[PDB]
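Inspection log for the structure reproduced underneath, given as structure tokens.
Protein chains: 2
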Amino acid sequence: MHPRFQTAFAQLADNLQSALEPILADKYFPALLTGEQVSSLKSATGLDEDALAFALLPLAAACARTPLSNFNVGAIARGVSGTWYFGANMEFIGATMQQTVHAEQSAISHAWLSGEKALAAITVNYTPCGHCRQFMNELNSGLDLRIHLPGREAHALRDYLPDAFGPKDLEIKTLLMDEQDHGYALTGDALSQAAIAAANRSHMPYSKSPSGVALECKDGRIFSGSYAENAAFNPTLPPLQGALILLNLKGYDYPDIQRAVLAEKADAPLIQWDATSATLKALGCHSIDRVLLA
Amino acid sequence: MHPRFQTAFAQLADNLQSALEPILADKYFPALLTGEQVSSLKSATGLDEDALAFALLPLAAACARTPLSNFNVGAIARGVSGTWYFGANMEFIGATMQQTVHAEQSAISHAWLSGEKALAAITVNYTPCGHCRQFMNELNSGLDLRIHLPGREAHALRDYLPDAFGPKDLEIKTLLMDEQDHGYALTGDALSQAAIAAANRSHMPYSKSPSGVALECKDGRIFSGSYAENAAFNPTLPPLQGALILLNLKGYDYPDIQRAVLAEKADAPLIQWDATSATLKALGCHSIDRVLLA
Ligand SMILES: Nc1ccn([C@@H]2O[C@H](CO)[C@@H](O)[C@H]2O)c(=O)c1
Ligand SMILES: Nc1ccn([C@@H]2O[C@H](CO)[C@@H](O)[C@H]2O)c(=O)c1
Ligand SMILES: [Zn+2]
Ligand SMILES: [Zn+2]
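Just so you know, the protein sequences line up as chains A and A', in that order. A prime marks a further copy of an entry chain. The deposited numbering numbers the first residue of the first sequence as 1 and each following residue consecutively. The deposited numbering numbers the first residue of the second sequence as 1 and each following residue consecutively.
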């Protein structure tokens with residue numbers, strides 16, 4: 001078991017510990033559970049889906065990286081496929097408050113990046129901030145997404161964001177998690193191609209600036225992040241954060257990032273290069289290359 | 001009249017145009033109205049405060065800088081003093097979506113930076129995004145701040161952000177717009193001292209990293225911005241944005257920024273230097289110095 005899960009797991013109910021212990025055995029447990037795995041957990045405990053999601057929030061919160069706040073928040077995004085994706089918040093010393101990722105952004109990006117086509121609900125152990133309510137309104141699930149919070153009745157997103165602003169207001173009809181492929185040819189080495197492929201999936205209807213970052217670990221594992229804009233602009237998830245969300249949830253740590261590549265257009269109205277370099281250098285990576293899309 | 005106001009003013013009601021025309025005569029009208037001025041406007045038109053604020057939103061929206069969206073939004077923050085501060089959204093080509101300022105952030109920062117101690121209401125011509133609802137919950141006005149939107153009943157912030165996250169959740173008791181003075185000695189030239197004084201007012205309870213940016217214009221006018229953190233971290237207003245909000249609202253343009261200074265601690269957990277330099281270079285300023293606080 002990856003040590004981050006040790007105390008969380010110790011606090012779990014006996015029959016749940018028993019059902020999970022095979023799954024969490026592996027140090028690189030992918031912070032995700034398939035439909036088959038949630039069925040097993042339900043049979044071993046008698047918990048229904050919403051109660052199981054709440055019981056599991058301590059393992060999601062165990063993936064939080066919180067050097068400034070020490071306020072660990074876990075979220076679980078339940079895909080329409082039946083897969084459950086964990087998510088946790090990350091704060092980066094040496095960067096700015098704008099580089100923070102929230103537990104909800106982590107869980108939704110985990111699902112989108114894994115190829116999930118839509119979400120049915122998200123369970124979080126603390127009420128969503130307004131920045132994440134706005135993030136969630138970018139999704140193809142719209143205001144109907146169900147939010148589950150400890151000790152409250154479930155509600156759709158429309159209840160947490162009354163009289164909402166979102167894509168419709170700027171006449172945008174392609175929503176985050178819809179099928180997007182921008183068609184750039186992949187070139188370069190493995191890492192450059194991962195970065196361009198990530199850029200090909202980006203949600204960027206407002207600036208039309210596609211980008212993707214790919215991180216190569218010391219053991220050769222690659223983690224890629226696509227750019228996801230938001231109608232309120234600032235809740236946008238930068239490309240780097242996607243890659244870092246996956247790296248952390250899959251069991252790795254910043255010390256084993258070996259090199260990174262950012263792919264983007266040179267003439268794009270928004271430029272990710274400076275924030276990507278700066279945050280990666282703050283994390284200790286110094287091998288950052290940029291690939292240009294055409 | 002500063003040309004940005006020309007079409008907006010032309011669309012105004014005759015008795016209102018008459019009352020405003022002395023005020024808007026000056027090219028450097030400070031995008032603000034004193035209590036005495038709103039009284040005059042009420043006597044000249046018969047409008048009450050809320051209706052006057054709505055009638056004036058076209059002049060606030062006229063200060064928007066929107067190269068990506070062309071979606072101009074104006075806001076008017078009504079101080080507890082009786083002064084009304086305009087605010088408009090700004091988007092910066094060559095930067096990232098995280099550098100955007102919303103009309104609400106612009107109007108609240110205009111008030112805070114001008115020395116306003118608290119707000120009574122804010123009027124916006126489009127419903128607030130969740131990022132700004134969270135920004136507004138940082139204020140000493142809390143969830144009681146009144147939001148006025150065209151064609152809707154006024155509501156407190158608690159109605160737009162049900163089951164809100166905010167300072168209380170992280171045990172913070174000093175709120176934005178409360179009296180803060182961090183006590184750094186001012187040194188250096190006029191610009192360095194402006195930057196350190198701005199840093200002395202910053203709201204930074206979560207990272208304890210004070211910062212302030214000061215911009216010197218070609219005619220020697222200085223504009224300073226203090227750093228304002230937010231409990232949800234990402235809605236934080238960077239120091240640069242404060243300075244740029246004031247520069248734009250007071251009638252200037254990016255071409256006349258001559259040099260800038262950023263003041264901050266070297267050992268602070270969050271660092272503003274890279275995003276400040278990058279965005280200012282995107283705007284064309286290349287003379288950026290950093291001053292260290294001790
Ligand atoms: N519902 C919440 C509330 C806060 N946070 C985060 O917790 C910390 C303090 O706000 C930051 O990391 C921020 O992203 C969450 O992710 C989820
Ligand atoms: N109520 C709103 C809605 C959107 N915006 C902004 O309008 C643009 C498109 O979202 C961006 O500049 C963004 O900051 C506002 O400021 C106010
Ligand atoms: Zn959040
Ligand atoms: Zn906003």
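The beta carbon of each residue, even a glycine, is placed where N, CA and C say it ideally should be.
_Given 7 angstroms as the limit, tell me if residue 229 of chain A has its C-beta closer than that to any heavy atom belonging to ligand 4._
As a working mapping, residue 229 of chain A is identified with position 229 in the first sequence. No - ligand 4 has no heavy atom lying nearer than 7 angstroms to the Cβ of residue 229 of chain A.
*Sequence-distant residues of the same chain with beta carbon closer than 6 angstroms to residue 193 of chain A', five excluded per side*: Residue numbering aside, residue 193 of chain A' sits at position 193 when the second sequence is read from its first letter. The residues 186, in chain order, have a CB closer than 6 angstroms to that of residue 193 of chain A' in the same chain once the five nearest residues on each side in sequence are set aside.
*asked:* Against residue 170 of chain A, what residues of chain A' qualify as contacts under a CB-to-CB distance less than 8 angstroms, listed in chain order?
replied: To locate residue 170 of chain A, count along the first sequence from 1; it is residue 170. Chain A' residues near residue 170 of chain A: 69 and 71.
*Report the residue from A':249, A':174 and A':16 whose alpha carbon sits nearest the alpha carbon of residue 223 of chain A'.*
One-based indexing of the second sequence puts residue 223 of chain A' at position 223. Checking every option, the nearest Cα to that of residue 223 of chain A' belongs to A':249.
*Within 8 angstroms (strictly less), CB to CB, does residue 167 of chain A' reach chain A?*
On the second sequence, residue 167 of chain A' is found 167 positions in, with the first residue counted as 1. Judged by the 8 angstroms Cβ criterion, residue 167 of chain A' is not in contact with chain A.
_Span separating the alpha-carbon of residue 271 of chain A' from that of residue 18 of chain A'_ = Residue numbering aside, residue 271 of chain A' sits at position 271 when the second sequence is read from its first letter. Residue numbering aside, residue 18 of chain A' sits at position 18 when the second sequence is read from its first letter. So the two alpha carbons sit approximately 49 angstroms from each other.
_Can you give me the C-alpha to C-alpha distance between residue 77 of chain A' and residue 174 of chain A, rounded to a whole angstrom?_
As a first step, residue 77 of chain A' must be located in the second sequence, where it is residue number 77. As a first step, residue 174 of chain A must be located in the first sequence, where it is residue number 174. Going from the Cα of residue 77 of chain A' to the Cα of residue 174 of chain A covers about 34 angstroms.
_Exposure of residue 104 of chain A', with buried meaning 16 or more beta-carbon neighbours within 10 Å_ = Walking along the second sequence from the start, residue 104 of chain A' turns up at place 104. When all chains shown are included, residue 104 of chain A' counts as buried.
*Could you name the residues of the same chain whose beta carbon sits closer than 8 angstroms to that of residue 131 of chain A, not counting the 5 residues immediately before and after it, in chain order?*
Residue numbering aside, residue 131 of chain A sits at position 131 when the first sequence is read from its first letter. 102, 234 and 235.
*Whose CB is closer than 6 angstroms to a heavy atom of ligand 3? List the residues in chain order.*
A:102, A:104, A:128, A:129, A:131, A:132 and A':232
*Which residues in chain A sit within 8 angstroms of residue 283 of chain A', going by Cβ to Cβ distance?*
Walking along the second sequence from the start, residue 283 of chain A' turns up at place 283. What residue 283 of chain A' touches in chain A: nothing, since even the nearest Cβ is about 13 angstroms away.
*Show which residues of chain A have a CB atom less than 7 angstroms away from the CB atom of residue 202 of chain A'.*
Position 202 of the second sequence holds residue 202 of chain A'. Result: empty, since nearest Cβ-Cβ is about 12 angstroms, beyond 7 angstroms.
_Can you pull the chain A' neighbours of residue 127 of chain A, defined as C-beta to C-beta under 8 angstroms?_
Taking the first residue of the first sequence as position 1, residue 127 of chain A is located at position 127. 163, 164 and 165, listed in chain order.
*Under 7 angstroms by beta carbon: chain A' residues contacting residue 269 of chain A*: Counting from one through the first sequence, the residue named residue 269 of chain A turns up at place 269. Under the 7 angstroms cutoff, chain A' gives 68 and 93.
*asked:* With a threshold of 8 angstroms between beta-carbons, can residue 229 of chain A be considered close to chain A', or not?
replied: For the purposes of this step, residue 229 of chain A is taken as the residue at position 229 of the first sequence. Yes, its Cβ sits closer than 8 angstroms to a Cβ of chain A'.
*Less than 8 angstroms separating the beta-carbons of residue 140 of chain A and residue 118 of chain A?*
If you number the first sequence from 1, residue 140 of chain A lands on position 140. If you number the first sequence from 1, residue 118 of chain A lands on position 118. Going by C-beta atoms, residue 140 of chain A is nearer than 8 angstroms to residue 118 of chain A.
_DSSP three-state label for residue 156 of chain A, please._
Within the first sequence, residue 156 of chain A is the residue found at index 156, counting from 1. In the three-state scheme derived from DSSP, where H, G and I count as helix and E and B as strand, residue 156 of chain A is classed as strand.
*Who does residue 123 of chain A pair with in a DSSP beta bridge?*
Taking the first sequence and counting its residues from 1, one reaches residue 123 of chain A at position 123. Bridge partners of residue 123 of chain A: A:76 and A:148.
*asked:* Taking 6 angstroms as the limit between beta carbons, can you name the residues of its chain near residue 95 of chain A', skipping five residues before and five after?
replied: If you number the second sequence from 1, residue 95 of chain A' lands on position 95. Correct list, in chain order: 279 and 282.
*Is the segment 121–135 of chain A' in contact with the segment 143–157 of chain A', if contact means three or more CB pairs nearer than 8 angstroms?*
Contact between the segment 121–135 of chain A' and the segment 143–157 of chain A' is established, with three or more Cβ pairs separated by less than 8 angstroms.
*Cα-Cα, which of A:184, A:127, A:84 and A:218 is closest to residue 212 of chain A?*
For the purposes of this step, residue 212 of chain A is taken as the residue at position 212 of the first sequence. When only C-alpha atoms are compared, the closest one is A:184.
*residue 91 of chain A' burial status per 10 Å Cβ neighbour count (16 or more: buried)*: The residue labelled residue 91 of chain A' in the question sits at position 91 within the second sequence. Note on residue 91 of chain A': 16 or more other CB atoms within 10 angstroms of its CB, so buried under the neighbour-count rule.
*Same chain, Cβ closer than 6 angstroms to residue 30 of chain A, five either side skipped, listed in chain order*: Reading the first sequence from its first residue, position 30 is the one you call residue 30 of chain A. Excluding residues within five positions, the ones whose Cβ falls inside 6 angstroms are 250.
*First and last residue of the beta strand (DSSP E) that includes residue 274 of chain A?*
Counted from its first residue, the first sequence places residue 274 of chain A at position 274. Run containing residue 274 of chain A: none in the beta strand (DSSP E); it sits in the alpha helix (DSSP H), 273–283.
*Taking C-beta pairs closer than 7 angstroms, name the residues in chain A' that residue 207 of chain A reaches, listed in chain order.*
Against the first sequence, residue 207 of chain A aligns to sequence position 207. Going along chain A' in sequence order, the residues near residue 207 of chain A (Cβ under 7 angstroms) are 68.
*residue 71 of chain A': which of A:221, A:261, A:226 and A:167 sits nearest, CA to CA?*
Sequence index remark: in the second sequence, residue 71 of chain A' carries index 71 (1-based). Ranking A:221, A:261, A:226 and A:167 by Cα distance to residue 71 of chain A' puts A:167 first.
*Using a Cβ-Cβ cut-off of 8 angstroms, state whether residue 248 of chain A' counts as contacting chain A.*
Mapped onto the second sequence, residue 248 of chain A' falls at position 248. With 8 angstroms as the cut-off, residue 248 of chain A' does not count as an interface residue toward chain A.
_For residue 215 of chain A and residue 228 of chain A, which I take to be in contact (beta-carbon distance under 8 angstroms), what is that distance rounded to the nearest angstrom?_
If you number the first sequence from 1, residue 215 of chain A lands on position 215. If you number the first sequence from 1, residue 228 of chain A lands on position 228. With 8 angstroms as the limit, residue 215 of chain A and residue 228 of chain A do not qualify as a contact, their Cβ atoms being about 17 angstroms apart.
*Report buried or exposed for residue 171 of chain A, applying the criterion of at least 16 other Cβ atoms within 10 angstroms of its Cβ.*
The residue labelled residue 171 of chain A in the question sits at position 171 within the first sequence. With fewer than 16 other Cβ atoms within 10 Å, it is exposed.
*Taking 8 angstroms as the cut-off, decide whether the C-beta atoms of residue 246 of chain A' and residue 113 of chain A' are in contact.*
Translated into the one-based positions of the second sequence, residue 246 of chain A' becomes position 246. Translated into the one-based positions of the second sequence, residue 113 of chain A' becomes position 113. Inclusion of residue 246 of chain A' and residue 113 of chain A' in the CB contact set at 8 angstroms is warranted, their separation being smaller than that value.
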